[PDB]
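K.L.:
Structure provided below as structure tokens; questions to follow.
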Amino acid sequence: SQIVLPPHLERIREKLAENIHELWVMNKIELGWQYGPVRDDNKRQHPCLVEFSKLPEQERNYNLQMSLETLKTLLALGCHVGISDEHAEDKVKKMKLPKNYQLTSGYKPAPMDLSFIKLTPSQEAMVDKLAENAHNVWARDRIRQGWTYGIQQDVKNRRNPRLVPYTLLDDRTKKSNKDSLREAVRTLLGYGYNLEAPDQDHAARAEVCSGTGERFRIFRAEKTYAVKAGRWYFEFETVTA
Ligand SMILES: Nc1ncnc2c1ncn2[C@@H]1O[C@H](COP(=O)(O)OP(=O)(O)OP(=O)(O)O)[C@@H](O)[C@H]1O
């Protein structure tokens with residue numbers, strides 16, 4: 001709420017959301033799966049492969065808000081974005097694909113030259129962090145709608161297994177949204193806007209999370225076993241260093 005969206009990032013973000021949707025639809029296309037009319041997942045049909053003109057208002061809006069929240073949170077991390085080259089919009093090239101790859105909607109997605117990108121490990125860790133943030137946003141929406149966590153998915157009790165912290169999140173959905181956000185940030189880069197991240201911070205948390213009373217536990221022999229003469233020896237195995 002504190003930060004505000006610059007206009008240029010907006011006039012790029014509408015097409016950012018559009019080509020995120022293009023990513024998703026072509027993921028489906030090369031997976032080979034097709035659209036289905038009826039809102040039934042189990043009936044071997046999928047109501048998501050919808051033309052952008054007939055695309056649900058709520059779904060397009062939900063994508064638009066994830067895009068704005070993603071770019072805004074990226075800015076709020078301390079990352080600052082710069083337009084070094086205006087010529088990206090001129091050099092930007094469509095990949096030629098066979099007509100069979102085009103979906104029934106009639107619009108042809110154009111995935112650009114993402115491969116030329118140079119990627120830094122801080123930037124992948126950052127992309128993972130925003131994937132975590134998107135998962136947190138989704139979990140917050142589910143919780144306020146009333147969904148709770150469960151080991152087994154049940155719509156009647158509104159219990160879902162994916163409502164878990166990102167560290168414990170299943171790798172399937174983790175990579176599933178990781179690739180989408182990776183492509184989003186990748187295209188934001190490819191359009192001539194490079195991002196510059198704040199430097200990584202090193203710190204020692206010391207895993208201090210014990211009770212207030214105890215920070216350490218002291219074990220000892222009984223006082224009656226005190227030795228006052230001689231040579232004595234014992235051993236201490238360290239299971240954890
Ligand atoms: N990894 C992903 N990348 C991009 N879009 C995704 C991804 N996973 C899901 N989506 C899309 O986002 C929306 C997810 O909402 P959905 O209807 O699946 O939620 P839900 O039924 O509340 O979920 P759940 O029952 O798993 O808690 C759908 O429009 C779906 O197509």
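Bear in mind that the values in this text are calculations on the coordinates, not laboratory data. Virtual Cβ from ideal backbone geometry, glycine too; neighbours counted across all protein chains shown.
K.L.:
What tally of residues in the stretch 153-162 results from selecting those that are in a loop (DSSP other than H, G, I, E, B), within 11 Å of the ligand (Cβ to nearest atom) and either more than 17 Å from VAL137 (Cα to Cα) or of a type in the set (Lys, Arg) (or both)?
P.N.:
Of all residues in the stretch 153-162, those in a loop (DSSP other than H, G, I, E, B) come to 153, 155-158, 161-162.
With the extra rule that they be within 11 Å of the ligand (Cβ to nearest atom), the set shrinks to 153, 155, 158, 161-162.
Now drop any that are not either more than 17 Å from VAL137 (Cα to Cα) or of a type in the set (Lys, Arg) (or both), which leaves 153, 155, 158, 162.
The qualifying residues number 4.
Results for (1) among the charged types (D, E, K, R); (2) within 13 Å of the ligand (Cβ to nearest atom), shown as yes or no for each residue.
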| residue | (1), (2) |
| --- | --- |
| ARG144 | yes, yes |
| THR148 | no, yes |
| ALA197 | no, no |
| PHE216 | no, no |
| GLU222 | yes, no |
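K.L.:
On the given criteria, is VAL81 out of contact with any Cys (no Cβ under 6 Å at 6 or more places or on another chain) and either assigned to a helix (DSSP H, G or I) or more than 16 Å from the ligand (Cβ to nearest atom) (or both)?
P.N.:
So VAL81 passes the test.
K.L.:
A further question follows. State yes or no: is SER180 of a type in the set (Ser, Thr, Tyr), at negative phi and touching a residue at least 60 places away in the same chain (Cβ under 8 Å)?
P.N.:
yes
K.L.:
Filtering the stretch 26-58 down to residues that are more than 10 Å from the ligand (Cβ to nearest atom) and not in a loop (DSSP other than H, G, I, E, B), which residue is farthest from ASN177 (Cα to Cα)?
P.N.:
Step by step, filter the stretch 26-58, then rank; the result is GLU57.
K.L.:
Just one of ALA125, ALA139 is closer than 21 Å to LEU163 by Cα and small (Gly, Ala, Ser); which is it?
P.N.:
Exactly one of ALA125, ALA139 is closer than 21 Å to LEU163 by Cα and small (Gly, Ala, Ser), namely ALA139.
K.L.:
Tell me which residues, restricted to the stretch 109-134, are basic (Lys, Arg) and either assigned to a loop (DSSP other than H, G, I, E, B) or farther than 12 Å from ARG182 by Cα (or both).
P.N.:
Listed by number, the list holds a single entry, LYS118.
K.L.:
For the stretch 159-201, name all the residues that are surrounded by 15 or more Cβ atoms within 10 Å (Cβ to Cβ), of a type in the set (S, T, N, Q), more than 14 Å from the chain's Cα centre (by Cα) and farther than 17 Å from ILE83 by Cβ.
P.N.:
Matches in the stretch 159-201: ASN160 only.
K.L.:
While we're looking at this one, here's another question. Provide a single number: the residues in the stretch 163-195 that are of a type in the set (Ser, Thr, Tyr), in a helix (DSSP H, G or I) and more than 15 Å from the ligand (Cβ to nearest atom).
P.N.:
The total comes to 1.
K.L.:
Take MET95 and tell me if it is without any contact (Cβ under 8 Å) to a residue 60 or more places away in the chain and either more than 28 Å from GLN34 (Cβ to Cβ) or outside any helix (DSSP H, G or I) (or both).
P.N.:
Numbers: without any contact (Cβ under 8 Å) to a residue 60 or more places away in the chain: yes; either more than 28 Å from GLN34 (Cβ to Cβ) or outside any helix (DSSP H, G or I) (or both): yes.
So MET95 passes the test.
K.L.:
Would the stretch 109-117 turn up any residue that is within 16 Å of the ligand (Cβ to nearest atom) and within 28 Å of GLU51 (Cβ to Cβ)?
P.N.:
For the stretch 109-117, residues within 16 Å of the ligand (Cβ to nearest atom) and within 28 Å of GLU51 (Cβ to Cβ): present.
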